[PDB]
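1. based on what follows, work out the 3D shape:
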Amino acid sequence: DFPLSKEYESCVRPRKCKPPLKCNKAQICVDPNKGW
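-> Numbers count the residues shown, from 1 in each chain. Here you go, the structure:
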């Protein structure tokens, strides 16, 4: 298992992005209320 990245960081699995940050098509960390 890999550690949780921070805001605006790679999310390429198995990598993950610590919440509430969510991963999108850009496989990156971006808050759900950022406007994406």
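
2. chain center to stretch 13-20, what's the gap?
-> Centre-to-centre, stretch 13-20 and its host chain are 5 Å apart (CA atoms, centre = their mean, to the nearest Å).

3. buried sites along that stretch?
-> With burial defined by 16 or more other CB atoms under 10 Å, the residues of stretch 13-20 counted as buried are 15-17. From N, CA and C alone the C-beta is placed, and that goes for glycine too.

4. mark which of these are part of strands, please.
-> 16-17 (DSSP state E).

5. let's have the buried residues of stretch 13-20 in CSV, adding distance to residue 7.
-> Shown next, in CSV, are those (distance: CB to CB, whole Å):
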residue, distance to residue 7
15, 14
16, 13
17, 8
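
6. between the buried residues of stretch 13-20, which sits nearest residue 28?
-> Nearest to residue 28 among the buried residues of stretch 13-20 is residue 17, at 7.4 Å by CB to CB.

7. who does residue 29 bridge with?
-> Judged by DSSP bridges, the bridge partners of residue 29 are residue 23.
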